[PDB]
4 protein chains.
Amino acid sequence: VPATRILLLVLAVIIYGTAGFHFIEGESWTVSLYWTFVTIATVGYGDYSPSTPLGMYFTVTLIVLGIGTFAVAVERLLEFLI
Amino acid sequence: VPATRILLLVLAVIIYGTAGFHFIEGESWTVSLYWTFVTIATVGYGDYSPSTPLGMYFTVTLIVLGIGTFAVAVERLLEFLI
Amino acid sequence: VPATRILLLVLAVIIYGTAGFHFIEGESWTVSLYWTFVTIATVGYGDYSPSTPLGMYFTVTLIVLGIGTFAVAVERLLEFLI
Amino acid sequence: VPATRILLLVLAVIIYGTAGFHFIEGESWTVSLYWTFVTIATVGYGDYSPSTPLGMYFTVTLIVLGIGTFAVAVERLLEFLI
Ligand SMILES: [K+]
Ligand SMILES: [K+]
Ligand SMILES: [K+]
Ligand SMILES: [K+]
Ligand SMILES: [K+]
């Protein structure tokens, strides 16, 4: 896949994760964007995490859709900077 | 391995992790499924974690059996959506 | 590398991580083995973590030496079960 | 990329992460170095994490720049020890 397409895909993942956490769990936009990156990178500090059943289901969907997309994006970003 | 077989394997991993956490650590089915995904993806928030010796041994077995299975499943899922 | 050699290497990693956490941070042998797996798999729940400067340095050494060894071991284990 | 160049790149990542966490979040140099390794390895215990908006943005930049660099460095280090 072209690197620019990979960029769009991970951006869509970031929008999906941020808006979902914000509306479902009620955290701020900034915290929700930070949590999304922390999650799809598998860092998972746990300073923020879903506490409702709907948020838990949503988080599973983000894990399944975003961790692989983020991994490919980082590998592509390595090629353009190194 | 065919992608559909990989699907069955990760599903078996999910059943194993969910039922084990539920019966060993006593959390609800929903929390146990959420914890299983969070674990085999290596996100590991830590909002839920085993607190008994048996749960700790079980969690090691799930880590050894599920992290690799989940990684292959996500890589295959990328091929079918991208 | 032969799969059996990879097995020995990750076992040495596990011994090193368990004994170090036990003696440096003072946790039990069982907790220390559980923490070692949780760490080298990058799950990192955070229910246990080093709280002394020496434990923090030791944990960095285990992260650098064990995460790659564990990743190869899981990939090899996939070949023998799938 | 030559293994020695990869070494320099991850070292630059470590300097960037340590100084940033120290100055932005105000933790000690030692804690900040430990947190940097824990983050770029994706272990993410969560015993330390950014609590300010600026620290959250900085942490995203470190996640995007350091996780891929660290992964290549560990894979190269495996070749020189195994
Ligand atoms: K983690
Ligand atoms: K954590
Ligand atoms: K974690
Ligand atoms: K890989
Ligand atoms: K991880």
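Every number here is computed from the coordinates shown, using simple stated rules; none is lab data. No Cβ is skipped: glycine too gets one built from the backbone with ideal geometry, and neighbour counts run over all protein chains shown.
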From the Cα centre of segment D:33-54 to that of segment C:1-72, the distance in Å is 18
Using θ = phi - 60° and the Karplus curve 6.51 cos²θ - 1.76 cosθ + 1.60, what whole-Hz ³J(HN,Hα) does each residue of segment C:44-53 get, with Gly and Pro shown as x?
x, 3, x, 5, 9, 7, x, 10, 10, x
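Taking chain B on its own, what percent of its Cα-Cα pair distances exceed 22 Å? If you can, show how the numbers build up before the last one.
Numbers: 773 of 3321 pairs.
Cα-Cα pairs in chain B separated by more than 22 Å: 23 percent.
With r as the distance between the Cβ atoms of A:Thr30 and B:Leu8 and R0 = 35 Å, compute the FRET efficiency 1/(1 + (r/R0)^6) and round to 0.05.
On the way: r = 40 Å, r/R0 = 1.15.
Computed FRET efficiency for B:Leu8 and A:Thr30 comes out at 0.30.
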Two-decimal log10 I(q)/I(0) for segment C:43-82, as the Debye equation yields it once each C-alpha is a single scatterer, q = 0.20, 0.25, 0.35 Å⁻¹:
-0.70, -0.85, -1.07
Using a 7 Å offset from Cα along the direction of the beta-carbon, what are the separations from D:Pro53 to the same position in each other copy, nm, ascending?
3.6, 3.6, 5.1
Per-copy distances of the B:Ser28 label point, shortest first, in nm (7 angstrom along Cα→Cβ):
2.9, 2.9, 4.2
Per residue of A:30-42, other chain Cβ atoms within 10 Å number on average 5
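Which number do you get for Rg(Cα) / (2.2 N^0.38 Å) in the protein assembly as shown? It would help to have the intermediate numbers written out before the result.
Numbers: Rg = 18.7 Å, N = 328, 2.2 N^0.38 = 19.9 Å.
Dividing the Cα Rg of the protein assembly as shown by 2.2 N^0.38 Å gives 0.94.
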Distances from C:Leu8 to the same position in the other copies: list them in nm, one decimal, shortest first, using label points 7 Å from Cα along Cα→Cβ.
3.7, 3.7, 5.2
